[PDB]
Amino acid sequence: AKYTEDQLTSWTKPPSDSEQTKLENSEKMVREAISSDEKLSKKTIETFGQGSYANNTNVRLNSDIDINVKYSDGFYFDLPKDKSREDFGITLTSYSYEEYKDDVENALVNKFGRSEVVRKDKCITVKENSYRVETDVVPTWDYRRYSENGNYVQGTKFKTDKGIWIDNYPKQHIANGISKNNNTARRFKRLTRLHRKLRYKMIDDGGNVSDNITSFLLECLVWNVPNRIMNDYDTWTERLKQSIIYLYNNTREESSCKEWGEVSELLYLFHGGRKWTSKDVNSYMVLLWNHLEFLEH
């Protein structure tokens, strides 16, 4: 074992006792930037956390906090092929996502100053000082995806500066992660923290980790590890070993994992459009296993 049980147990832990405080401070500052803007305050816009601080899975002290700002006065939607869009109800509006993101960047500059705000491809970064963590503000619009039965699932949708349209389901993501954490006696998110920290260590001491293995991907993988592997073992060394074994085994053939979804369970994990592959995950599991140096016979 390249690492001891104490070290792994320590790395299953939040990087500060004030994580929720930082998240709520970022949420409040973004919400105030919204509410004290002349243009946006007159629009239905919900400010809420997403990502590692909202899932209590962050492992890097004062890493970026993700704050979604979701416009909901008009929603994008997607219908099955056997349904008409006209029959559902159409709405035309002079407002667009591009103008919304420009407005959000304007409000952020107004509240925090242009030198503190940095527009990026998928977000708008507010720089960290001594009182606030660096915050990625993510402007999105309401999004509905309808199924055959008439029910819809609700989420967020946005357009990158490079013109790519992205759909997300952050609320269902957080809800499902909370459910699994409850049903694992709070071991799911500890194992997620351990995996994230291990990825960072491997990248730091020189290891060759693929850029396709993201933190969101690691979280979705640990999400896909069945609860029994977390519940039915007694040390973190063994839970980690078994989770790696499971992910490796079920990523050797695309058939074993082509049905896995992300934490929201509303999008597939390996159905194209992703920057990773199941072979990428399998290679990463091999690299991590060889890094950990478990005892063998």
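So that there is no doubt, residue numbering starts at 1 and follows the sequence shown.
*Asks:* Can you let me know which of the two, 216-224 or 177-185, has the higher average C-alpha B-factor in the entry?
*Replies:* Here the higher of the two C-alpha B-factor means belongs to 177-185.
*Asks:* Using only C-alpha atoms and the B-factors in the entry, which stretch averages higher, 161-169 or 110-118?
*Replies:* Of 110-118 and 161-169, the stretch with the higher C-alpha B-factor average is 110-118.
*Asks:* Per the entry's Cα B factor values, which of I229, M29, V59, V263 stands out as the maximum?
*Replies:* Spelled out: the listed residue with the top C-alpha B-factor is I229.
*Asks:* So if I compare the CA B-factors in the entry for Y248, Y53, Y233, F270, which one is the largest?
*Replies:* It is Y233.
*Asks:* Please say which third, lowest, middle or highest, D37 falls into when its CA temperature factor is compared across its chain.
*Replies:* Tercile = highest for this residue's CA B-factor.
*Asks:* Which third, lowest, middle or highest, does the C-alpha temperature factor of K43 belong to within its own chain?
*Replies:* For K43, the deposited C-alpha B-factor lands in the highest third.
*Asks:* By the recorded C-alpha temperature factor, relative to the other modelled residues in its chain, which third is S72 in?
*Replies:* Middle third.
*Asks:* Where does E254 sit by CA temperature factor within its chain: lowest, middle or highest third?
*Replies:* It belongs to the highest third of the chain when residues are ordered by C-alpha B-factor.
*Asks:* Taking the entry's C-alpha B-factors for this chain, is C123 in the lowest, middle or highest third?
*Replies:* Lowest third.
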